[PDB]
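Taken one at a time, structure 1 and structure 2 that follow are two forms of one protein chain, written as C-alpha cells.
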Structure 1
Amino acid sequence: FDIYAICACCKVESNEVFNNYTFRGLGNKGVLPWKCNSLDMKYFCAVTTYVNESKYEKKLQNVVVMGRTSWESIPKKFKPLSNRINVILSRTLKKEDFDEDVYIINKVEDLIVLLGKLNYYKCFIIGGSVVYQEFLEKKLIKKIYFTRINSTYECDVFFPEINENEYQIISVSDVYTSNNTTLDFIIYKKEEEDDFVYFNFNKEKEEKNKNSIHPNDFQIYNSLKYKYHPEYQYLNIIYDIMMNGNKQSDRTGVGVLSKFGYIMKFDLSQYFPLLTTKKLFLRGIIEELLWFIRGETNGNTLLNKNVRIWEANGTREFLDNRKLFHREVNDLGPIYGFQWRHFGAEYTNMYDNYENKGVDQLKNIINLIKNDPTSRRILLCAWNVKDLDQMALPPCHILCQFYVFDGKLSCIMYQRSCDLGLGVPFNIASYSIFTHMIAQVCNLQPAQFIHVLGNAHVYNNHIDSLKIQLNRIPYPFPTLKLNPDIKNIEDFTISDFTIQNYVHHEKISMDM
C-alpha cells in the first residue's frame, strides 16, 4: 500500500494530568484554532511533496487524501494542493460539483479501488474530524506524522484517541518556536562498512559493557529511532553513566556511578529546557537566583520564603564539621551571593553592610556585555580559593562565561559536581533563567545556555526512578515570560517570572 496520516494538534480550552491525548484540537469554525503556523505549514509541505528516486520500484508524486470536511476550508490560491494528487471523501458532491483537476471517492474502500489503479510513491491523509476516525477504526494507517502546537486555543473538533496497544512513537524531532508558540514533530507506527567492524575490534564484548542495568527495562528508549528532542541531551547522559559509569563510594560511605566531562547545549531562542519526563518547580530556584543578585549569604531570607535549598548546610552540626565553629546558623559564609557582588572583600557575618567593598563582578560582566560584546573575559566566577574554607560548602557551579554575536547572548556554566538525578534538572533551569535575565537587562536576545559537566554522577538509589524516566517520551518544552519592563539585574522580583505551557509527565520520587 504505503498509506500514512499527518495531523497538527493543539491543546483544548475548557492539578491537571497531561498525557499524549492532551494534543487533540484540530479545527475551530471550519478553520484551524491557530490562525497560521509557518514552520508546521513548511514541514507538512516538505513531507507531502518529497519523493525518493529509487524507493518506488519496490514526475513521481505523493497522494493527499483530504475530505469535504477539509478540502473546502483550503483557500483557492493553494488549491489544487501544488504538486500533489488530491482526493476528496464526500458522499454529498461528485466530480460534476467541483472545479479543479481532482479525483473523488465515497466509501473508505473506494480509496483502495482508486490506489490499486494509480502511480505514486506515498499516500498521505491530510484531515477531517471523521476522515482520521474511520481510517483508524479500519486499521489503514501505517505511521502518523504528528505536530504538537504547545499552546491552548478554542476548538469544535478533535483527533481521535490513539491506542497505546495499537500505535507507539518511534521518533521525536527537535523542538522549535514559530508564531509565538513552541511545537515539535513526532511519528506514530503500528566495502567501507566491514571497515567499521575492524575499527571497533577493541571495544567491550557483550557482558563487559560495565554496569548491571538491563536492556529489557529501557524497552521504549532503545525503540526510538530519531531522538532529536533536546531533553535527550540530559536523558542520554543518564543512559551513558548508567551503562558505562565507574562505581565509586563517596565521602558519606554511600554509592554512585560517575563519568567525567559532558557538554549540553540548549537553544533558549526556540524553548525553555524544563525537563518534561517529571514534574519540576521553579519558585524555589528563581528566589535562590534573586538572593544571589542581592548578594545575600543569609540562610534565613530563603527559609522565611520556604526555600529550603540550603537548610541542610546551615545547621549547627553541618557548620561544625566544616570547622565553622564561629558561624551563626544559616550564615552560609562568602558563597554565590557575596562572591558575585563583593569578591575579594573580607567576610565578617551575613548582616554586615558590604557596600563598595570587593569586586562587583555582576556589574562588571553586564557593563562588559554592553560596552565590549566581543570580549573573551566576560566570566562570573564564584570559586574564590581564599574563601572556600569559610563557605558552608564550595560552589557547586564554578563559573558562567558569556559570548555575544549579532545582538545575541550565549552562556557556558561549568559545574564541578553534578548529581544527574536531582540537581542537574534544576541547574539547567537556573542558569537558563539567568541567561534570559542578563540578556534582557543587556538588550540582547537569548541564544544557547551551554552546560559543562565535570564529575557527573547518578546515585545508586536514583537508578530504578531514572529507568522509569528514560522510557518516557519528552513533551515539547514550555517557554519563559520575563516581564519586559525590568532592565536592571536588581529590579527583578518572583512575579516577573511566568512559565507558559509546561506539559509534563507525573512527579517521580528519585527515591524509595
Structure 2
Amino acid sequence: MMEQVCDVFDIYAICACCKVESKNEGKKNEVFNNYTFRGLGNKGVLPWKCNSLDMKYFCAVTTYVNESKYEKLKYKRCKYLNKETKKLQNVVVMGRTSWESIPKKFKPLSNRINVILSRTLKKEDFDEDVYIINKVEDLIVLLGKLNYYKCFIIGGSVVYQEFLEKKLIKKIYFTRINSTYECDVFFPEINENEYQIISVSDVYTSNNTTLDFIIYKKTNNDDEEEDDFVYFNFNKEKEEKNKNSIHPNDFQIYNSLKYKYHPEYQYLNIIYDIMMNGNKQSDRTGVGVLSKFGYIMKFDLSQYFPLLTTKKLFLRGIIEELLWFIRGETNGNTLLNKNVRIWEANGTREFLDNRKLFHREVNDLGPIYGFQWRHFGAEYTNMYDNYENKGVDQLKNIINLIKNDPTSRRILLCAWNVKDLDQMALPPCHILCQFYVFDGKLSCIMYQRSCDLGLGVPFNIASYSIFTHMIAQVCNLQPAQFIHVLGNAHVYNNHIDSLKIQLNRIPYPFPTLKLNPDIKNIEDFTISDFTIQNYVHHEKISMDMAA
C-alpha cells in the first residue's frame, strides 16, 4: 500500500458556505447543484455576520478528541515516518486573513493548537500562543513532531484551494447556510470525481436561516455479545421480496451514504422500504401498486418547512385549496377560476355519474373537506347553499380549545363523516388532524388512510405543515411538529423508475415558510400572505414518464 499524507496525519477541512447573490439574468427557474453553496466571506468577514449554531458545530468538531484512539494514530504516523520505539488536542490551520478576522477575546481558538500560514508575518509579529509556518510543507513537518488528535484546515479560500490542490484533504465538513448574502471570496468548486458526499445531517434554523451539515470524502482511485446478534437473526429471509425486480445497483448513491439524517429521508426511506418489501396489488382494477400498511413521519416545523428538495414542487395550488377548505367551499369552479385543477377530474359529469351522483351539478364536489370542517352534521344540498349556523364548525371549535383548553386531548378536526361518504365525489384521504399543545408550542398529527407516495404525499406534507403554521399563528403559539401517519401507503408501478432517480438525489437544506404576521383569524388568510423562502431543489420530475 502507498500511504497518502492526508490519511496518515488525518488532515481535514471544515467550512461554511452560503448561496451567492446571483445576477438573476431573468430566470427564476434557477438551476441548483452543490456549487450553489460556495460563498465563504465578504470584505474580510463572514457574509452572514454570525450563526451561533454553525459556530457551535465548528467548535464541537475542532475541539473533539478521543484519547483512546490516539495510540493507534501514534503508531500509524510513527510507522509511516519509520520512527518507533498535557491534554490531547486537535490542530487548526488558518490563513493570516482569517486569523485577523477573529475577535481578540476568541484568539487563539481555545483548547486547540492554532497554526497560521503567512509570509508577510513571522513569529515575532504575534503575541499569542500560536505556530507560524510559511508553507504547507512546514505543517506536515510540524505534524510529524506534535502529539495531536486531528488536523482541521479551517479557512481562507486561498488556504482551502491549495490544500485541495495538493490533495491533502481526507474529508470536508461542509456547512450549508441556506440563504443568500453578498460575497467576494468563494470555496473552490469540488470535483465530483474526487469527493463524494457520504453523510447528511438533520436540518436546523439559527439566526433566521436554515442550514445543515454534510461530509465529503475523498473517492476511489465485547464481540461475542455481538455473536448473539448473529443468532437472533437466524430465522430471516436472505433477500428482500422485490430485489430481483428492483435491483440495488440502481440505488448506488442512496446506498453509499453512511449517515442519512436529513428529514427528507423519512420520506425517501419509506419509498425504498415499499419498493423493496411492498406487497403487489391492483389498488384500482388494472393499475397495480406495491403497498405497505402503517408508517409515521415527523417534521420539526420550528426548524424548517419540509418541502421536498429531491424534486421540484409548487405550492400555489395546495395553498388555494387550503384557503378553499377554510372558507367551507365545495364549489370546484372556484379553484378552476384560479387555474387550480386539483379537483377538476373529480367534478365531471361522468365521474359524478359513476359515483351515482346523478343529481349533482358538474364541479359540485358535495359534502367534502370544506363542508365538514365548517358544517359537519348538516344536510348537504348544493355548493351554492348558505349553511350558516348549521352543523358543527369544527375549525372554530378546535381553535377555541387550543386557546382556552390547550391540554385537552380532544382537539380533533375530522373529515371522515361516515354519513356523507357516498355524497362526496371522493371519500377523504386525510381522515383527521389532532393537536397537542405544550409550553406554548403546537404540534399536529394527521392520519392519512390512503397514500400515493410518488405524487400525493409530497404535497400532503406541505399542505398540513402550512395548516399547522396557520393554526399556530391565530392561536398565538409557535409551531412545533407535524406528524404524518400513513395507513395504506403505496407506490404506483408507473412511478417506480422516477422514484429510483429521486432516491439517488441528495437532499438540499429545506426552505422556510413565512406567514403574514398580521393575520390573527384563520379566515383572514389570502394567497399573498404566504411565502416559501430559499427553496433549493433538484430538477422537476414527471413521476409518470409516459408520452
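By convention here, residues take numbers in order along the sequence of structure 1, the first being 1. By rigid core we mean the largest C-alpha set that fits within 1.5 Å across both forms. Residues that one form lacks are left out of the comparison.
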ask   = Just one of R376, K210, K247, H326 has a CA that shifts 2 Å or more between structures 1 and 2 on a core fit; which is it?
value = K210
note = Once the two forms are overlaid on the core, the CA atom of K107 shifts between structures 1 and 2, in angstrom, by 1.9
query = In Å, how far apart are the CA positions of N28 between structures 1 and 2 with the rigid core superposed?
reply = 0.8
query = Taking the rigid core as the frame of reference, how far in Å is the Cα of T69 displaced between structures 1 and 2?
reply = 2.3
note = Per-residue Cα shift of 2 Å or more between structures 1 and 2 after core superposition, grouped into runs of 3+, gives 206 to 211, 250 to 252
